[PDB]
Each structure stands twice: as structure tokens, then as C-alpha cells.
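Below: one protein chain in two forms, given as C-alpha cells, structure 1 then structure 2.
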Structure 1
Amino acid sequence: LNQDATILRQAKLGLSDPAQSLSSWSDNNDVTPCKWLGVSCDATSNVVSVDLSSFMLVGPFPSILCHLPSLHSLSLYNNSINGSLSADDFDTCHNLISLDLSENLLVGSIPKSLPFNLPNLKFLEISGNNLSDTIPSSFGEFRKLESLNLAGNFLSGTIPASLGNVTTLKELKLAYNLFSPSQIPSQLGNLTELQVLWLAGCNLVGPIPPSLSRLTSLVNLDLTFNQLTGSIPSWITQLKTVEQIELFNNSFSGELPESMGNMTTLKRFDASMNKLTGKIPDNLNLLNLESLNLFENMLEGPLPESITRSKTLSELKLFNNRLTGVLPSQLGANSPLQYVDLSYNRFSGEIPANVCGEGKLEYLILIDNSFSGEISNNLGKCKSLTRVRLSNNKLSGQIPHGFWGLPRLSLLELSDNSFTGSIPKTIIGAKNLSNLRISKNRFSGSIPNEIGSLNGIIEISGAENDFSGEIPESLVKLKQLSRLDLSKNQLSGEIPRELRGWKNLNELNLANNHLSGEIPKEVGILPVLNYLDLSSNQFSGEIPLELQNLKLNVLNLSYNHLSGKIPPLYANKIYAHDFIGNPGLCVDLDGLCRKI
């Protein structure tokens, strides 16, 4: 069926095909090339493109495929095409418009003669290969090229200035290459049709060139993971169609440009992990803003109210700054807030009452601020929450009952506040809860028995509270519990005798309570218990001999009412500080038992 059938089969001969992805090709039934897998034709039965994406093909680049006279697109995306490219590989390919060689095992240099050989190329991708040497300056001779992606190679030297000559470019992607330290070439400002500029991990230094103000039709500007310096220039405001700006992991300093507020097209802005100072610009009118990340800078002053005009805002991460004042009271009321992290700032006042106004809030992370007042009733209705961290604030009052029973809540960290009240029965609802952190509060009443029905709990940490009553017997039903710290409370009574359920319990800390009775013998058969603190209690009876089976790192039974002989392995001088303040304990020397 014509030379197209012949040429395709020769190309298949040169490649190893372990998955038999091309079994339609070399498997006859008189079928013509146009219905073979990956091969597409025009109306006159000429092979116009070949797409062999993700076929697990191994071997050198099949240059014979360009003997197809009508070939316009060639995609070998995501295979194991190996070896290097040469000038000879692209001699006959002068009709190609599109060439995708990305995600292969190509090594060596990009042939210098490529633009001369491929005059009609609009799309060139050789991303995610192992290419080395410099980007040829001959690439300035490309007359029609609209997209160039060489990202994720080991290309060296510097980004050639001659790429500014290729004014047909809409996308320039050179990210994650092994370039020498250098400034962004000034000539890239000539590329006035550029929509995408992705020079992340390109070892760039110095300021962003003023030339780049002329890139007025930019959609996505990503310069992440370099060492760029100076201010984030105020001419980013003049990018009329810009949707994404990614500047994180650089050495940018100075203020965010005050003119930023009127960038109505901006969806995603991230200048995190820089050295930014001054205030977040006010009078914001960011109608299309989905994501604002400015974390790990030295930003000061408030979060302006006008952030609430961004009604499509889902991500707001300002953590690790010097931000002060009250949050906008209406934040989250009329936007689909999803990820909020304002940790490690100096925010004061109330947590906004309708922060989960649209029922999308997953992360509420407010660590180490001065948030005062209470958690509102409306956060109890926020059934999308998975990660809540409110610790080290000035929060107080009772937690709403529905908040404890949130069905997807995984990490609940309320620690180091002044929360009051008892943990309610409604905590049965929290079926994904794996990490409960409520230490250093004023929680009271009994630990409710309903915590024991939450099979997936791994940590319970509620030290330094006013919990009273017994330890629920149902806490032993928790098979995956690895830490229990209920130390420094008013708990009373004894601990359950049947403990084999605690097969994962690594740490048990019940110190500084009013606990009584015997230390259960089954404590000695817990498979992974390495930290046992039962000190400052009223435990009586003998220290079980079964405790000798444990390989403890911390063992502390000090300040109890224990008596009788110390188990012989622990009578050794080296363990003596573990049993201080137990007058009735003795060291047996076979016959004589002495109180030491």
C-alpha cells in the first residue's frame, strides 16, 4: 500500500517494541497505513502525521519517518528513544510543522543545523531528555517557530540572546537546565507575542530586565527557583492579559508594587520565599484572583479589606511574615476559600465568622498569632475541613459541638489556648480523625467514651487540661493508637486490665494525675511500647515482672504508692531514678529485701 506503508515498516524495524504497540503495522490483512495505530491521514490518503506517544519504544531516532513526503507532525512523546541527534537525522524533514521528542532518553547536543533543516517548524519540544552543551545561537534563524520547550535537560552555557530574534514565539520554556549564572537576556523583551515564559531553575541572577515590560501579551510568567534580585518591577501592572505570575524562591526585595490592585485578569500570584518588605498593596481589585501566596517574606502591616472583592479566591498563604491587625471580618463569606495558612504572623482579633461561607474550606491553619475570642457556630457546619491548626493563640470559650464531629477532619490541633468545656458526644462524627492535639487548655469533664469508636486515631495529646473521671475503657479498642498523652490532668480511678488492643501503642503518658489501682500486668506485653510515664499518681501494689519484657527508653513510675520487690532486671543501680518517691519499694538480694 504505497511507499508510506514501506517507510513506516522500515522505521518500526529500527526500534525495539517490547509491548507490541505497533502490532497493527507489521500484521497484514491488506490494511492501508491510514488505519494503523498512531498514523493519521488527510483526505487524499497521505500520511500527514505520526503520533507514537507512550508506546514504550526503545532505540535511536527513526530519521526514516521523514521520507514521508506529506509529514507535518511527528510525536515520539514519552518513549525510550535513545542515543543522540545528528544533522543527518533531519535532512529530509523540511515539511515538519510540529516536532515532539519530549520525555525520551536523548543525550548529546542539539544539532546546530536544525533551523536550516526545519524551516517550517511551529512547535519544537525536546523536554525531559538528557541533552547537554549549549542551546545553538542558530535558533535565532527560525522564521515561524511559535513554541520552544527544552525544559528538563542538562543544557549548559547561557540562554542565547538570539532567541529574541524569533518574534513568532508565543511560548518559551527553558526551565530546569544546567545553565551558568547569568542575567535574563535583555533581547527576550523583543518577543512581543510571548504568552508563556518559563525560566524556572535556570540559575538566573540580577534584576528582571526592563526590556520585559514590552511582553504585554504574557499569560504565564514563571521565574521560580533562581537568584533574581531587586524589586518586583511595577510594570507587571501593564501586563494587560496576565493570569499567572510565579516568582517564588528568589532574592527579590523591596515592596510589592502598589499598582498591583488593578490587575483584573490575575488568577495566580506567588512571590513566596523571597526577601519582600513593606505592606501588602491596598485598594485591591483582583476580580479573578484564585491564589495569593506571599509566605516566608518579611511583609508587615495588615491584610486589606479589599481582598474580599476577590470572589473566586481559593488559596491564601501568607505564613511566616510580620503581618499585624485584624483579618477582614467578611473573609470567606463570598469566596470559595479552600486553603488558608496565615501561621507565624502577629494577627489579632476574631477569626472571621463566615470564613467557610461557601463550604469549601479544607485547610484552616493559623498557628502562632494572637487570635482571640471564640470559634463561631458556623465553622461547625464546615464539613469540607480536613486540617485545622489553631495552636498557640489567645482563643477561648467553648468549642461548638458540631466542630468536634466534622466528617473529614483529620488533624485537629487546638493546643495552647484557653478553651473551656467538655469534649461532647458528637465527636462520633469525626470518622477520619487521626491526630487530636488539645494540650495546654482548660478542657474539663470526662474524656467521652465516643473517642474509642474512632478506629483510625493514631495520636491523642491532651496534657495540661482539667480532664476528670476515668480513662474510657473504649480507648483500648483503638488498634492504631501510637501516642496517648493525658498527663497533667485531674483523671482518677484505674487503667483497664485488658490492653492487648493497644498493639501499636508506642508512648503512654499518664503522669501527674490522680490515678489509682495496680499497674496492669498486660502493660508488659504491648509489642511496641517504648515510653511509659505513670509518675506522680497514686498507683499501688507490685511493679509487674512483665515490665521486664519491655525494651523501654523512658520508664518513670516515680511518686506513686508502689511497694514490694523491684523486678530483678530493674533493681540495677542504673534504673534507680525510675522509682524515686515510692517508700515501700525494696531491692531483694535473695532473702533480704531493703528499701532503696
Structure 2
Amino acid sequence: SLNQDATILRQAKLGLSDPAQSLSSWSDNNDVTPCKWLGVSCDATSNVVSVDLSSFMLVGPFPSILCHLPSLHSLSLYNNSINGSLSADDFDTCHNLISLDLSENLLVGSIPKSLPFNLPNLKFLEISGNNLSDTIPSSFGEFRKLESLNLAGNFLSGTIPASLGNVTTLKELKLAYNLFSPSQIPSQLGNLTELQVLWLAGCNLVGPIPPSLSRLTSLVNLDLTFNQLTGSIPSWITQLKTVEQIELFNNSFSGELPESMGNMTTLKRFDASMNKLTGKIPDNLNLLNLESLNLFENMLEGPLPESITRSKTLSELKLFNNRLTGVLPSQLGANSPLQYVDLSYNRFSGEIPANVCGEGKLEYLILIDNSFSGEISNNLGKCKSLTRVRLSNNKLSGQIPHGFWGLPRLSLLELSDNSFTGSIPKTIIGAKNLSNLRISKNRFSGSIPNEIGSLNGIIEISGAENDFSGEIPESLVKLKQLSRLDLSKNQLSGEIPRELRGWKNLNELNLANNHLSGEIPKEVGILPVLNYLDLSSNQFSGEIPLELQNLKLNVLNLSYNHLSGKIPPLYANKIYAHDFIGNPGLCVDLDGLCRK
């Protein structure tokens, strides 16, 4: 009993390599009964009933010998390196198993056609995340007790077999992420009336969801993402009394959201993004359990209904790239833990809801390419959770809230192409995580504050087309990660600093159309990744440094300055000419004579 089982366990272990020594309890000082060995569970008569070797890093062929344990009912080899292929014989003796978990291993080759006959008592079968190939055997329809089947993430091909509809005990059917031929969802899956989980994402499915699936009245999670299903989202999903998740992202669904979607009180997550839906968001929403609503990249029209505010656990709202209109519900966010809000590329208007970050969890506020107007609320100035703000291409105006500039987790601050006014405050010093500052095409004024040069991670400062004045702060020149500096079309004055070697990552320097003066520093030419240099329309004077000829410039523009001497010889050709026009004192040396 303990004798027999210890020996069979040890036999099984001998056919495996165990480089992490996960099974050291099995062969160390024989004495401890096997019942207390790692991964081993016994019944009251001390017979092994369950072997669970999950995540033990074991290598080698399937350990068929474990099946010789007379009371073994559960075997898990989840997340190891069991390798080679499965044979008919591997499972000859495994007929007492109820639970078999071979997920996340290295198995290759076909599923044996004999598997159901050798494992007739199985309730749970998982072989997800391997490299299995060939078709799912039609023999699978012979299982009399199977409750859950997971073959997701293999290379299974052919088409999903119709005989699976015979397995009427199934509650979970997971086939996602295989290499099936393009085909419809088999009609016969409608016969699996107990199903709670149907996961056929990335299955090369075409055609409509079959009308027979309306018989799946117990569905909790329907996930058909990543296919080319067509026609309408059927209205019977709305009558599911226990539905929690509907995932239909990246299909070819057309028509409209069923009107009665509003009464799906149990729904937690709804995604129908990346389809061809038209019509409006259903109104009279009573989505009391909703956590996530994604409907981006469709052709939805009309407003976000006020009733979305009844969803007091809503955290994710992604509606971008539709034709949505009107003002947002003024209370949006006041009573929801909003974390990710992306309403970009629509036609929304009116003010940004003032309590969008009311519960202090908002991380992404993405509103690009709408017609939002008025001011950013001072409330937003205190939203310390914000990491990514994109408010560009709206009709916003006024001063930015003071603390907005120094929020401690803010990474991307994009405000471009609005009508914002004011100076950038010195409290920007607080924005320790700032990577990208994108503020071009506004009416900001004053001097660029010195403290921007303390923000060591900054990779982009983009501030073109404003009213900035004063000097370029010496501090910018020691931002070691700065990639893009664009301050074109302002009223900046003074000089460029001489010592620029701190700009080891600068790719673009654009300072065109300001009132800058002095000489172009020699060290511009020693910058190792500069490919864009625009200093046009300023008052730079003196000679063009010969070191510029080290650079490979996509853009070089020195036009409309007060430069003197000769053009560097590398640029003497007539094709480069427009790069230097409008410098009265400058000439080009060609054929033994200097020419304007």
C-alpha cells in the first residue's frame, strides 16, 4: 500500500530529469511515508489519489508509470518540460483518472484518437499551451463525463469537430489560439446546454454565430475574439441571466448593439471593439456590475447615455474611433473608480466632466481629436494617479490647473493644439516620471522654466507655436535622454549653450522662427544621433561650423539668419542651396569664386 505506492512514484521519477530537485522528498532517506512527499496526496487507506507536480521544472516523456498507482484519480504536470509526443499506449492504464492536466509543456504531434476510450472517466482535461498538431479527434465526442476541456494555444488544425456537441456534460469548452482552417462555429455546439465558458478566440471562424447557440442559456463567459464572424450580435446574449463576460473584439460584426443590453445587470466586461457596428449605445443602462466597456473602432453614433453613471464599479471605458457626439454625462467618474478612459477620435463637445478622477484612480485620460471646450478642471490638478494625459486637438482654453504640471506619476502630458494660456510654473519640478511634454500650438507664454532640466527621464520637449520668450535654460543641455527638442515658432532669445555633449541621445533640434542669436556651437556636429537640425529664421551669426559635416541630416535648415563666411564644402551642391538662403553674408565657393 505505502510500499507499492512509494515504488511506483520512484519508478516514475526515474524516467524524468529533475534539474531543480523538486522531487528530493521522494528519494531522500526512505522512511517518511509517501503520503507526505511533495505533490502527493493519499486517501485514508494510504493509497495515492493525486499527484500534483505543477511548476516543478521536470523534463522528459509523459510518466505513464504514475497511472499504475491503483487509486490515482488526479494527475497534474501543469507547467513543466514534459516533451516528445503522446502515444496510444501512454494512457492504456490511466482509465481511473478524473483529472488530467498537461498544460504548459513541450508536447508535439497528434492527440491519440484512442484517448477518450483509455480515459473514459475524465471530468477535466487540459493540454493547453503545447505544440500539438493535426485535428482534434472525432472520438472526443465519446466522453461521457467530461466537464471541462482546454486545448487552447496549440497548433491544432482542420476544423472543430461537430461530435464535441455530443459531450453534453461539458461546462467549459476552451479551444482558443489554434490553427484551424477557416470554418463556421459548428451548429452542434448548441447542444452543449450546460456550457458556462466558450472560448474560441483565434480559431479562424467565419460566418455568423449559429442560431443554435441561443440554447446556451447558462453561458457566463463567451469569448470569440480575433475571428472574422459576421452578421449581428444576437439579442439572446442579453437574456443570459448569469452572463459576466462577452468578448467579441476584432471580428466583422455589423448591425447594432441589441437595445436590451441595458438590463444585463450581471455583466462585468463587454468588448465589441474593432467591428463594424452602427447605431447608438443602448440607453436606459442598468449595468450595475460593469467594470469594463470597450466599443472602440466601430461606427457608433449618438451620445454616451447619462445612465452609464449607474455603473458604480466601472473602471475601463474605451469608446475611441466612433462617431459619438454630445456632451459627456456631467457626473462621469464621480461615483465610479475610473482607471482607463479613452474617448479619442469622436465628436464630443462641452466640458470635460469635472470629477472624472473623483475616486482618485484615473491613470489614462485620452481625449484626442474631439471638440471639448472650456477649461481643465482644478479637480484634475489633484489627480495624483494620472500617468498618461492626451487632450490634443480639442477646443480647450484657459490656464492649466497648477498641480497638473507636477503630478508625480505623469509620464505623457499631451495638450497640443488647443488655446491654453499662462506660463509653465516651477512646480513642474514635481513631475519626476515625465517622459514626453507635448504642448505645441497653444498660447503659452513666459520663459521656459529652469526646473524642466531636473526631470532626468524626459525624452521629448515639444513646444512649438506658442509665445515662449526669454532664453533657452542652460539646464536643458544636461538632459541625457532628450531625443526631441522642438521650440520652433516662439519668441525665444539669447544663445545656444557651447557645451552640448550631455545631449548624447538628441535626434532632433528644432528652434526655427525665434529671435536667437550668437554662433552655432561646434559641438552640434559631435552629437552622435542628431538627424534633424533646424535653426532657420533667427539671428545666428558667424561661421557655420565644419563639424556639421559629420552628421547625416534628414533636415538641415539654416536659412534666414545673419551667418557669414562660406558654406561647408559637403553642402556646396545646388541641391542643398535652399538650406542656406537668406544669409546676406554667406557665400558658396564653386569653380574658384564665392557666389551668393
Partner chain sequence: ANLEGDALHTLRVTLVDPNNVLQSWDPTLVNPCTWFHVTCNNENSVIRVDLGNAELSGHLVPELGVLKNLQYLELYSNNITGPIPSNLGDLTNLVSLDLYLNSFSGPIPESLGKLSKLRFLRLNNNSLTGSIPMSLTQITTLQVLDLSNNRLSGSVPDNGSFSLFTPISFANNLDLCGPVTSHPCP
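Rigid core here is just the name for the largest C-alpha set that superposes within 1.5 Å across the two forms. For residue numbers, the reference is structure 1: its sequence is counted from 1.
Between the two chain copies, the one drawn from the form solved in complex with the partner chain is structure 1. Measuring CA movement between structure 1 and structure 2 with the rigid core aligned, the set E507, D270, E125, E103 has one residue at 2 Å or more: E507.
Core-superposed comparison between structure 1 and structure 2: the CA of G584 exceeds or equals a 2 Å shift.
When two forms of a protein are overlaid on their rigid core, residues whose CA moves 2 Å or more are considered shifted, and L204 is not one of them between structure 1 and structure 2. A displacement of 2 angstroms or greater separates the C-alpha positions of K477 between structure 1 and structure 2, with the rigid core held in common. A C-alpha shift of 1.0 Å is found for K440 between structure 1 and structure 2, based on superposition of the rigid core. Overlaying the rigid core between structure 1 and structure 2 leaves the Cα of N572 displaced by 8.5 angstrom. Core-aligned Cα shift between structure 1 and structure 2 at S468: this is 2.6 Å.
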